[PDB]
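Notes to accompany the following structure.
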Amino acid sequence: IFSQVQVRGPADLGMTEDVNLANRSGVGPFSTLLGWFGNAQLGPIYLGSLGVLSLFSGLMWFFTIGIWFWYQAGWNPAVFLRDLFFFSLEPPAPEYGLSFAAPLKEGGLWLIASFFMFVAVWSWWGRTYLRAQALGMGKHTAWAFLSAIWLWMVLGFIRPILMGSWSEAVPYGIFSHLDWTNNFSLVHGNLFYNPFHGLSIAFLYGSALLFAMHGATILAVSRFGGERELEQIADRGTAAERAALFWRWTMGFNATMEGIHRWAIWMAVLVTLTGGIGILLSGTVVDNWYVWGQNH
Amino acid sequence: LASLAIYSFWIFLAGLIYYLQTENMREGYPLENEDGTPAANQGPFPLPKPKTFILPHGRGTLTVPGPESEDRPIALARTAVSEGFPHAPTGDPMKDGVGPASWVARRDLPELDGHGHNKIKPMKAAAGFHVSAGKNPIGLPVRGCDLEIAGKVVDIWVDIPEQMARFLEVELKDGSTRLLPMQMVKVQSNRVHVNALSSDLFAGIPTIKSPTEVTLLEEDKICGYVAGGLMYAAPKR
Amino acid sequence: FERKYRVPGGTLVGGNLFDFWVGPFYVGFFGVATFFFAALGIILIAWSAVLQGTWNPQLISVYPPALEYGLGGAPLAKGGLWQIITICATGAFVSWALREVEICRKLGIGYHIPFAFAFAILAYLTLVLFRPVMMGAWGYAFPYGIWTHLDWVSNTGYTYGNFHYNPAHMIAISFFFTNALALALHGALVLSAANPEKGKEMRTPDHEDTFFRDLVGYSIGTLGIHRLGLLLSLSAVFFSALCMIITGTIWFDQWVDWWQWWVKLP
Ligand code: BCL
Ligand code: BCL
Ligand SMILES: CC[C@H]1c2cc3[nH]c4c(c3C)C(=O)[C@H](C(=O)OC)c4c3nc(cc4[nH]c(cc(n2)[C@@H]1C)c(C(C)=O)c4C)[C@@H](C)[C@@H]3CCC(=O)OC/C=C(\C)CCC[C@H](C)CCC[C@H](C)CCCC(C)C
Ligand SMILES: CC[C@H]1c2cc3[nH]c4c(c3C)C(=O)[C@H](C(=O)OC)c4c3nc(cc4[nH]c(cc(n2)[C@@H]1C)c(C(C)=O)c4C)[C@@H](C)[C@@H]3CCC(=O)OC/C=C(\C)CCC[C@H](C)CCC[C@H](C)CCCC(C)C
Ligand SMILES: CCCCCCCCO[C@H]1O[C@H](CO)[C@@H](O)[C@H](O)[C@H]1O
Ligand SMILES: [Fe+3]
């Protein structure tokens, strides 16, 4: 269930047929914390080529936003930390089009910041790329990612390039991107009538459930380390056999220590794949969803 | 247009589902299934694209869709008439390995690791392995359910990789030993229990081969017995 | 396989008259009840998308006894077929879960699947009973239409300003979200291992563990993730339950005013 006598020997590690140079971040066993629940270690790490930027970049983004973040506050703590949610960087909307050549305070920051985070994601993308390599895994997370990137790449890039208007991108602030949402509803014609959206919900629930199903299984399956999934997709003992019997019987029909994660990598990815489709339609190839709908 | 979108998307879907997806579920599970309903109770797929695996460091090879049955003594009888019908174990089930009990038969080769670290050793055998946070079952007199105790803790065989307190050795009063899986047992301050398994036996606990190493059939053979307790132990219920 | 697992007993109640497997299905005196409670449901029900005249899988619908009609009463046309039909889930479901124990108990396995969904059958009730029951009325319970529900949803929602403001709401999303990839990673991990590059030998348990400390520089091997996963999930649903139960009842105002509790004082 969740560790009741904790152990933790030395400090462990592995090849990478690759640039191990990286190693800073030192084995600092965590016990009460990330121990009781998960894993006691803490690092090592591997701050490769790419990983640098990810960070370099990943911050500016944070810095830039963080910056014009202050100005609204007027360089004031009590201020700054009040309207903190409330503060926000809104694009060159100043609605005036996929026409860069912007002012800092209108376009600017945003065109700057936003557009800079282009990079993190992008790179760090690579990251999951080779961290696989070294180890010579497959390349699934590279796969199980461009989802995360679709609805990204879209939501703030593709689309607004489609209406010839960043005027169309989502804005940076806590309580702002929330708001920039439904606003987004009202204009696409109450948008639940959106086919793709519902799937996207179709699924974003599909998980909740299933992580709540796969997870909760393996647990009734410790009794026999159902958890050891590889030294199982090679060799079946009760573990598998029965964590599938349950379902074979209950809902009649079952899966396979692999397929199940075959059920998994997907179950989730659609959850994003989907919405991305949803969203390059919902301002073009569909001015309204009621309508479109009512016309079906 | 988007009707061509959402209308063919409905291909990527039906597409995968009973395709890849459920296809893979099959890969190496009752690569088709008999005993009454012959060739099925409807219209699956005649077993997918058979594929082969790569057994880890040390080599081996497994081709997944395979018909490795079992004439490995199912003491499982008959209850009558139709299939779906239960099938009673021919006497004390816990042993013959059937019902809750039932084991399997993974290799007589324990799951190695990274290298040859046969992954699951005992605490002594170990390098620098002790108890960060916890009580220590060691010397912890293991109870039963009975309430007549059935042994004294002798180790916690450690999992190297996960660094997982995998099992806890327990020496009966035949100056003997046997290890009981961790996700059984309740380490309470002064006392212990793999309650599942009334003391008033315990013995059932199959032995391992060498007293340093739990091989697959070991772990697996071990692991059932214990549980069957759940199913098949009078007190409890 | 199975054949050995098809082994008398585990019966919560039924004793015997129930130890059997309609083929792939283990009957037992809950599937048997699961039944009696699904039939009688869609019967009374199906009786409704009639009475409605129209129907259309799509727009056959069921609403409860609309507000001030009361908590008490209602009649198999303004109330009832909803009423009753409801008492058919908060029971057909509960009934199955149990069918869930029964399979477990015998199946050898462990406790928790049946607990996890016990949350689901717990989200629901909230919305169609708790919420309702507290607002001394069953009107915040909801439709039963493949399509209204957005509506029933879409309004109450907006009943309280941009609902994406109710805090707890804030949250549950972010579990909802996280417990997502949270699968996007797990579902992708186990995989790459199990199914590697072109010729490389099947990977290692600590083959994985090794990736993550490299991407992320922590990493919660095998077990730790199936718990964690069943975590963010189970949670977030529930943190949903809070959202509401709380929304119609100690926040009468548009959500955006909450937020000031902060933006007050010094
Ligand atoms: C009230 C407002 C509108 C509405 C407006 C929208 C809008 C607008 C959009 C969605 C979309 C979604 N909505 Mg909707 N939605 C409403 C009603 C609902 C309800 C409900 C009624 O029950 C439900 C359940 C849903 C459910 C959903 C999800 C299925 C879906 C995306 C969520 C997700 O899982 O991926 C979320 C995935 C991501 C956010 C991936 C992001 C990846 C990036 C690259 C990672 C960035 C990391 C960064 C660099 C670091 C920052 C770290 C943080 C500080 C921690 N909506 C109402 C009708 N919804 C999306 C959609 O599918 O549109 C087609 C979307 O765009
Ligand atoms: C426009 C309206 C508002 C808003 C208004 C509301 C309202 C109003 C409510 C929510 C709730 C929800 N919203 Mg909100 N929401 C908005 C926008 C969002 C966005 C977004 C991206 O913008 C997101 C991601 C969300 C997220 C969500 C989820 C946290 C949550 C759903 C609860 C839940 O799933 O319980 C899931 C519960 C179940 C699935 C119930 C049990 C189902 C049954 C029992 C399962 C068995 C059924 C049957 C047997 C299956 C058999 C199948 C067949 C035999 C095959 N909302 C907009 C801005 N939201 C709901 C919530 O908090 O509920 C607690 C809610 O009431
Ligand atoms: C499959 C769909 C889901 C998905 C998938 C997905 N995400 C992924 C993967 C996949 C499959 C990874 O492999 C990749 C990964 O490497 O991280 C786990 C990742 C990831 N998903 C991320 C975020 C993310 N994904 C999201 C959504 C989704 N990702 C979907 C739910 C969300 C939302 C919107 O819920 C978020 C916030 C990152 C954790 C990671 C890749 C992020 C990346 O591009 O790198 C960003 C670089 C930086 C942030 C630079 C760092 C400095 C910054 C200023 C950050 C401040 C952090 C703060 C200081 C910490 C404070 C906490 C402390 C108190 C501890
Ligand atoms: C709460 C934690 C997450 C979760 C987990 C969960 N669900 C589970 C499990 C687990 C752990 C199961 O083991 C169990 C199952 O065996 O699933 C495969 C189940 C399950 N989760 C279900 C559904 C569902 N889960 C939901 C959510 C979640 N499930 C959570 C996110 C949702 C939503 C929308 O989030 C949906 C749609 C079922 C597939 C299944 C068990 C359902 C069951 O008991 O069905 C029996 C069928 C009948 C009795 C016929 C119905 C008779 C009714 C009287 C009439 C119908 C009225 C009802 C309102 C239908 C809906 C009306 C309108 C709203 C449409
Ligand atoms: C496509 C645009 C996606 C933006 C969605 C939210 C992106 C920013 O989200 C958050 O990150 C900032 C970091 O500077 C925080 O300071 C703010 O809370 C907010 O900007
Ligand atoms: Fe898993």
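Residue numbering restarts at 1 in every chain; chains get A, B, ... in the order shown in the structure tokens, and ligands count up from 1 in that same order.
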Show me which residues line ligand 2, defined as having an atom within 7 Å of a ligand atom where only C-alpha atoms and all ligand atoms count, and present them as a PyMOL selection string. (chain A and resi 181-182+205) or (chain C and resi 93+120-124+126-127+153-158+162-164+169+172-173+176+236-238+240-244)
Show me which residues sit within 9 Å of ligand 5 when counting only C-alpha atoms and all ligand atoms, and put them as an NGL selection string. :A and (59-67 or 69 or 84-89 or 113-115 or 151-157 or 169-178)
Only N, CA and C atoms, please: the residues just picked out, written as an mmCIF file, in the first residue's frame.
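Here's the written file out.cif:
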data_model
loop_
_atom_site.group_PDB
_atom_site.id
_atom_site.type_symbol
_atom_site.label_atom_id
_atom_site.label_comp_id
_atom_site.auth_asym_id
_atom_site.auth_seq_id
_atom_site.Cartn_x
_atom_site.Cartn_y
_atom_site.Cartn_z
ATOM 1 N N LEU A 59 13.274 29.962 -17.777
ATOM 2 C CA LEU A 59 13.240 30.954 -16.685
ATOM 3 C C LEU A 59 12.840 32.326 -17.155
ATOM 4 N N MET A 60 13.646 32.888 -18.034
ATOM 5 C CA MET A 60 13.331 34.116 -18.793
ATOM 6 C C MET A 60 11.786 34.189 -18.917
ATOM 7 N N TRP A 61 11.366 33.158 -19.676
ATOM 8 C CA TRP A 61 9.925 32.970 -19.867
ATOM 9 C C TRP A 61 9.279 33.445 -18.529
ATOM 10 N N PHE A 62 9.733 32.717 -17.511
ATOM 11 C CA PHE A 62 9.342 32.993 -16.126
ATOM 12 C C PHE A 62 9.794 34.380 -15.695
ATOM 13 N N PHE A 63 11.018 34.738 -16.018
ATOM 14 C CA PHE A 63 11.575 36.057 -15.703
ATOM 15 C C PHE A 63 10.801 37.154 -16.423
ATOM 16 N N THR A 64 10.778 37.061 -17.759
ATOM 17 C CA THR A 64 10.108 38.081 -18.547
ATOM 18 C C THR A 64 8.704 38.336 -18.005
ATOM 19 N N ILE A 65 7.874 37.285 -18.037
ATOM 20 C CA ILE A 65 6.538 37.390 -17.433
ATOM 21 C C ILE A 65 6.658 37.985 -16.020
ATOM 22 N N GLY A 66 7.473 37.294 -15.244
ATOM 23 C CA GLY A 66 7.781 37.704 -13.864
ATOM 24 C C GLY A 66 8.091 39.198 -13.824
ATOM 25 N N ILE A 67 8.809 39.658 -14.842
ATOM 26 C CA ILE A 67 9.180 41.048 -14.920
ATOM 27 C C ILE A 67 8.039 42.016 -15.078
ATOM 28 N N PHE A 69 5.601 41.651 -14.764
ATOM 29 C CA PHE A 69 4.817 41.201 -13.619
ATOM 30 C C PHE A 69 4.804 42.240 -12.496
ATOM 31 N N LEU A 84 -1.256 39.231 -7.186
ATOM 32 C CA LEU A 84 -0.392 38.271 -7.843
ATOM 33 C C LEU A 84 -1.065 37.384 -8.853
ATOM 34 N N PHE A 85 -2.165 36.751 -8.456
ATOM 35 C CA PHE A 85 -2.993 36.010 -9.452
ATOM 36 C C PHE A 85 -3.326 37.035 -10.573
ATOM 37 N N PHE A 86 -3.934 38.112 -10.151
ATOM 38 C CA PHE A 86 -4.514 39.179 -10.929
ATOM 39 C C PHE A 86 -3.631 39.810 -11.983
ATOM 40 N N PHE A 87 -2.354 39.871 -11.690
ATOM 41 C CA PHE A 87 -1.366 40.474 -12.653
ATOM 42 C C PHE A 87 -1.366 39.612 -13.895
ATOM 43 N N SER A 88 -0.766 39.996 -15.012
ATOM 44 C CA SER A 88 -0.763 39.155 -16.224
ATOM 45 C C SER A 88 -0.204 39.810 -17.463
ATOM 46 N N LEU A 89 0.425 39.000 -18.327
ATOM 47 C CA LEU A 89 0.996 39.603 -19.566
ATOM 48 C C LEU A 89 0.040 39.247 -20.700
ATOM 49 N N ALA A 113 8.479 36.827 -24.073
ATOM 50 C CA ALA A 113 8.342 35.751 -23.083
ATOM 51 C C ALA A 113 7.726 34.518 -23.733
ATOM 52 N N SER A 114 6.426 34.625 -23.936
ATOM 53 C CA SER A 114 5.635 33.564 -24.564
ATOM 54 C C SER A 114 6.478 32.876 -25.609
ATOM 55 N N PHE A 115 6.747 33.628 -26.645
ATOM 56 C CA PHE A 115 7.540 33.111 -27.726
ATOM 57 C C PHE A 115 8.847 32.571 -27.183
ATOM 58 N N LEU A 151 -1.773 20.646 -28.102
ATOM 59 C CA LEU A 151 -2.574 21.646 -27.421
ATOM 60 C C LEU A 151 -1.711 22.797 -26.958
ATOM 61 N N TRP A 152 -0.416 22.537 -26.841
ATOM 62 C CA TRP A 152 0.446 23.730 -26.539
ATOM 63 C C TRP A 152 0.535 24.474 -27.893
ATOM 64 N N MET A 153 1.460 23.956 -28.681
ATOM 65 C CA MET A 153 1.804 24.457 -30.000
ATOM 66 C C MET A 153 0.612 25.161 -30.629
ATOM 67 N N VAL A 154 -0.549 24.578 -30.453
ATOM 68 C CA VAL A 154 -1.821 25.200 -30.903
ATOM 69 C C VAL A 154 -2.106 26.414 -30.010
ATOM 70 N N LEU A 155 -2.915 26.123 -29.003
ATOM 71 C CA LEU A 155 -3.447 27.049 -28.060
ATOM 72 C C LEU A 155 -2.823 28.417 -28.084
ATOM 73 N N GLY A 156 -1.547 28.500 -28.389
ATOM 74 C CA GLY A 156 -0.819 29.775 -28.270
ATOM 75 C C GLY A 156 -0.046 30.074 -29.530
ATOM 76 N N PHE A 157 0.095 29.060 -30.383
ATOM 77 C CA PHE A 157 0.852 29.275 -31.628
ATOM 78 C C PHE A 157 -0.017 29.052 -32.845
ATOM 79 N N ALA A 169 -3.765 34.587 -28.989
ATOM 80 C CA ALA A 169 -3.043 33.696 -28.053
ATOM 81 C C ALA A 169 -3.626 33.820 -26.658
ATOM 82 N N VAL A 170 -3.273 32.856 -25.828
ATOM 83 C CA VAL A 170 -3.715 32.896 -24.393
ATOM 84 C C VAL A 170 -2.681 33.746 -23.657
ATOM 85 N N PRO A 171 -3.126 34.387 -22.601
ATOM 86 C CA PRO A 171 -2.320 35.402 -21.883
ATOM 87 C C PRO A 171 -1.744 34.889 -20.582
ATOM 88 N N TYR A 172 -0.661 35.518 -20.123
ATOM 89 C CA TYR A 172 0.072 35.102 -18.927
ATOM 90 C C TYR A 172 -0.315 35.868 -17.660
ATOM 91 N N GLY A 173 -0.984 35.177 -16.782
ATOM 92 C CA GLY A 173 -1.333 35.591 -15.396
ATOM 93 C C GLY A 173 -2.086 34.399 -14.783
ATOM 94 N N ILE A 174 -2.189 34.251 -13.467
ATOM 95 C CA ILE A 174 -2.979 33.143 -12.942
ATOM 96 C C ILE A 174 -4.457 33.237 -13.333
ATOM 97 N N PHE A 175 -5.168 34.180 -12.733
ATOM 98 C CA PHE A 175 -6.591 34.386 -12.944
ATOM 99 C C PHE A 175 -6.951 34.940 -14.292
ATOM 100 N N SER A 176 -6.036 34.994 -15.211
ATOM 101 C CA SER A 176 -6.235 35.544 -16.552
ATOM 102 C C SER A 176 -6.458 34.447 -17.600
ATOM 103 N N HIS A 177 -5.583 33.458 -17.608
ATOM 104 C CA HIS A 177 -5.689 32.355 -18.579
ATOM 105 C C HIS A 177 -6.996 31.597 -18.294
ATOM 106 N N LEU A 178 -7.388 31.597 -17.025
ATOM 107 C CA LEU A 178 -8.683 31.024 -16.620
ATOM 108 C C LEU A 178 -9.742 31.772 -17.446
#
Could you please tell me, as a ChimeraX atom specification, which residues of chain C have an atom within 6 Å of chain A when using only C-alpha atoms? /C:24-26,109-113,184,187-188,192-194,196-197,213-214,217-218,220,222-224,226-227,229-230,233,263
Output file for the selection above: N, CA, C and O atoms, as a short mmCIF file (atom, residue, chain, number, x, y, z; two decimals), in the first residue's frame:
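Dumped to again_26.cif:
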data_model
loop_
_atom_site.label_atom_id
_atom_site.label_comp_id
_atom_site.auth_asym_id
_atom_site.auth_seq_id
_atom_site.Cartn_x
_atom_site.Cartn_y
_atom_site.Cartn_z
N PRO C 24 -17.74 -15.82 -19.13
CA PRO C 24 -16.81 -14.82 -18.60
C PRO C 24 -17.27 -14.18 -17.32
O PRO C 24 -16.42 -13.66 -16.53
N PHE C 25 -18.56 -14.26 -17.00
CA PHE C 25 -19.12 -13.55 -15.85
C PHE C 25 -19.32 -14.41 -14.62
O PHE C 25 -20.19 -15.31 -14.65
N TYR C 26 -18.78 -13.92 -13.50
CA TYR C 26 -19.12 -14.40 -12.15
C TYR C 26 -20.40 -13.70 -11.67
O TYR C 26 -20.52 -12.47 -11.53
N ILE C 109 -6.39 -12.12 -4.59
CA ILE C 109 -6.04 -10.71 -4.65
C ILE C 109 -6.42 -9.90 -3.44
O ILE C 109 -6.90 -10.40 -2.40
N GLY C 110 -6.31 -8.58 -3.56
CA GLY C 110 -6.51 -7.62 -2.52
C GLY C 110 -7.66 -6.64 -2.61
O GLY C 110 -8.38 -6.42 -3.60
N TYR C 111 -7.65 -5.77 -1.59
CA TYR C 111 -8.74 -4.97 -1.15
C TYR C 111 -9.20 -3.85 -2.00
O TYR C 111 -10.43 -3.69 -2.25
N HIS C 112 -8.33 -3.09 -2.65
CA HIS C 112 -8.54 -1.77 -3.12
C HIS C 112 -9.25 -1.38 -4.34
O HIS C 112 -9.58 -0.12 -4.44
N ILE C 113 -9.43 -2.19 -5.37
CA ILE C 113 -10.18 -1.73 -6.55
C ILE C 113 -11.56 -1.23 -6.08
O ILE C 113 -11.85 -0.03 -6.25
N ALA C 184 0.71 9.46 -18.64
CA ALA C 184 1.37 9.78 -19.91
C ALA C 184 2.83 9.37 -19.83
O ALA C 184 3.47 9.08 -20.85
N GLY C 187 2.52 5.17 -18.45
CA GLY C 187 2.03 4.41 -19.61
C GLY C 187 3.07 4.38 -20.73
O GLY C 187 3.01 3.54 -21.64
N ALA C 188 4.00 5.31 -20.64
CA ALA C 188 5.07 5.46 -21.65
C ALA C 188 6.37 4.81 -21.18
O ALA C 188 7.20 4.38 -22.00
N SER C 192 8.60 1.49 -22.96
CA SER C 192 9.88 1.67 -23.64
C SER C 192 10.86 0.57 -23.18
O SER C 192 11.95 0.41 -23.77
N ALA C 193 10.58 0.22 -21.93
CA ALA C 193 11.44 -0.81 -21.27
C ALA C 193 11.10 -2.13 -22.00
O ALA C 193 11.66 -2.42 -23.07
N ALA C 194 9.96 -2.63 -21.55
CA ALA C 194 9.31 -3.79 -22.16
C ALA C 194 9.55 -3.83 -23.66
O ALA C 194 9.82 -4.94 -24.17
N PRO C 196 11.87 -1.97 -26.31
CA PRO C 196 13.01 -1.05 -26.44
C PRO C 196 13.34 -0.68 -27.87
O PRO C 196 12.46 -0.48 -28.71
N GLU C 197 14.64 -0.50 -28.08
CA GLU C 197 15.18 -0.14 -29.42
C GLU C 197 15.11 -1.40 -30.29
O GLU C 197 14.53 -2.42 -29.85
N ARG C 213 15.55 9.85 -13.11
CA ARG C 213 16.54 10.60 -12.29
C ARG C 213 17.34 11.47 -13.28
O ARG C 213 18.28 12.17 -12.89
N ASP C 214 17.08 11.19 -14.55
CA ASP C 214 17.88 11.79 -15.63
C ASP C 214 17.10 12.92 -16.30
O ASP C 214 17.67 13.65 -17.15
N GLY C 217 15.28 13.69 -12.09
CA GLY C 217 16.28 13.61 -11.02
C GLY C 217 15.59 13.54 -9.64
O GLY C 217 15.93 14.23 -8.67
N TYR C 218 14.69 12.63 -9.60
CA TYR C 218 14.09 11.86 -8.56
C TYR C 218 13.62 10.58 -9.36
O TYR C 218 13.78 10.58 -10.61
N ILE C 220 10.39 7.47 -8.59
CA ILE C 220 9.60 6.59 -7.76
C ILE C 220 9.38 5.20 -8.40
O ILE C 220 8.25 4.84 -8.76
N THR C 222 8.92 1.20 -9.37
CA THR C 222 7.73 0.34 -9.54
C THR C 222 6.52 0.76 -8.67
O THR C 222 5.73 1.63 -9.06
N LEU C 223 6.42 0.09 -7.54
CA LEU C 223 5.31 0.22 -6.56
C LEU C 223 4.83 1.68 -6.35
O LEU C 223 3.65 2.00 -6.56
N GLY C 224 5.76 2.51 -5.93
CA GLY C 224 5.51 3.93 -5.58
C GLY C 224 4.58 4.67 -6.57
O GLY C 224 3.89 5.64 -6.21
N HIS C 226 2.11 3.15 -8.69
CA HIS C 226 0.77 2.59 -8.80
C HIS C 226 -0.09 3.15 -7.65
O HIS C 226 -1.33 3.22 -7.75
N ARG C 227 0.59 3.55 -6.58
CA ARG C 227 -0.05 4.16 -5.40
C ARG C 227 -0.31 5.64 -5.65
O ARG C 227 -1.40 6.16 -5.38
N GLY C 229 -0.38 7.09 -8.53
CA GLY C 229 -1.33 7.20 -9.65
C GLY C 229 -2.76 7.11 -9.13
O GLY C 229 -3.61 7.96 -9.44
N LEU C 230 -2.98 6.06 -8.37
CA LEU C 230 -4.27 5.80 -7.73
C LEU C 230 -4.49 6.88 -6.69
O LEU C 230 -5.45 6.83 -5.91
N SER C 233 -5.41 10.73 -9.12
CA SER C 233 -6.76 10.28 -9.46
C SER C 233 -7.60 10.32 -8.16
O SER C 233 -7.97 11.43 -7.71
N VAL C 263 -7.37 39.83 -0.78
CA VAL C 263 -7.14 41.18 -1.25
C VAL C 263 -7.69 42.27 -0.36
O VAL C 263 -7.51 43.47 -0.66
#
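Taking segment 151-203 of chain B and asking which residues DSSP calls strand (DSSP E or B) on the backbone, you get residues 151, 152, 153, 157, 159, 167, 168, 169, 170, 171, 177, 178, 179, 180, 181, 188, 191 and 192 of chain B.
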Taking only C-alpha atoms into account, which residues of chain A are within 6 Å of chain B, as a list in words? residues 5, 6, 7, 8, 9, 10, 223, 224, 237, 255, 256 and 259 of chain A
Please, could you write that set of residues out with N, CA and C atoms as a PDB file, in the first residue's frame?
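After the write, out-v4.pdb holds the following:
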ATOM      1  N   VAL A   5       7.812  -0.178   6.932  1.00  0.00           N
ATOM      2  CA  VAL A   5       9.228  -0.315   7.536  1.00  0.00           C
ATOM      3  C   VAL A   5      10.172   0.060   6.350  1.00  0.00           C
ATOM      4  N   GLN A   6      10.795   1.180   6.448  1.00  0.00           N
ATOM      5  CA  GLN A   6      11.627   1.762   5.387  1.00  0.00           C
ATOM      6  C   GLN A   6      13.060   1.237   5.415  1.00  0.00           C
ATOM      7  N   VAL A   7      13.562   0.935   4.226  1.00  0.00           N
ATOM      8  CA  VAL A   7      14.959   0.583   3.993  1.00  0.00           C
ATOM      9  C   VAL A   7      15.532   1.381   2.805  1.00  0.00           C
ATOM     10  N   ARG A   8      16.867   1.399   2.846  1.00  0.00           N
ATOM     11  CA  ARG A   8      17.634   2.247   1.900  1.00  0.00           C
ATOM     12  C   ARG A   8      19.125   2.002   2.196  1.00  0.00           C
ATOM     13  N   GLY A   9      19.723   1.240   1.330  1.00  0.00           N
ATOM     14  CA  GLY A   9      21.165   0.877   1.397  1.00  0.00           C
ATOM     15  C   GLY A   9      21.968   2.027   0.781  1.00  0.00           C
ATOM     16  N   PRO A  10      23.071   1.693   0.157  1.00  0.00           N
ATOM     17  CA  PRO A  10      23.967   2.642  -0.494  1.00  0.00           C
ATOM     18  C   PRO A  10      23.251   3.733  -1.282  1.00  0.00           C
ATOM     19  N   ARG A 223       0.719  -8.414  -2.917  1.00  0.00           N
ATOM     20  CA  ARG A 223       0.710  -9.737  -2.296  1.00  0.00           C
ATOM     21  C   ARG A 223       1.716 -10.609  -3.098  1.00  0.00           C
ATOM     22  N   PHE A 224       1.927 -10.258  -4.355  1.00  0.00           N
ATOM     23  CA  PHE A 224       2.781 -11.024  -5.260  1.00  0.00           C
ATOM     24  C   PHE A 224       3.502 -10.121  -6.256  1.00  0.00           C
ATOM     25  N   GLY A 237       3.356 -14.730 -13.546  1.00  0.00           N
ATOM     26  CA  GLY A 237       2.995 -15.549 -12.329  1.00  0.00           C
ATOM     27  C   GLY A 237       1.612 -15.069 -11.890  1.00  0.00           C
ATOM     28  N   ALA A 255      -7.043  -7.470 -20.327  1.00  0.00           N
ATOM     29  CA  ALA A 255      -5.847  -6.960 -20.968  1.00  0.00           C
ATOM     30  C   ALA A 255      -4.607  -7.731 -20.546  1.00  0.00           C
ATOM     31  N   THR A 256      -3.467  -7.051 -20.688  1.00  0.00           N
ATOM     32  CA  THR A 256      -2.151  -7.743 -20.619  1.00  0.00           C
ATOM     33  C   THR A 256      -0.989  -6.871 -20.231  1.00  0.00           C
ATOM     34  N   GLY A 259      -0.194  -4.526 -22.910  1.00  0.00           N
ATOM     35  CA  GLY A 259      -1.363  -3.873 -23.517  1.00  0.00           C
ATOM     36  C   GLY A 259      -1.946  -2.835 -22.549  1.00  0.00           C
TER      37      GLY A 259
END
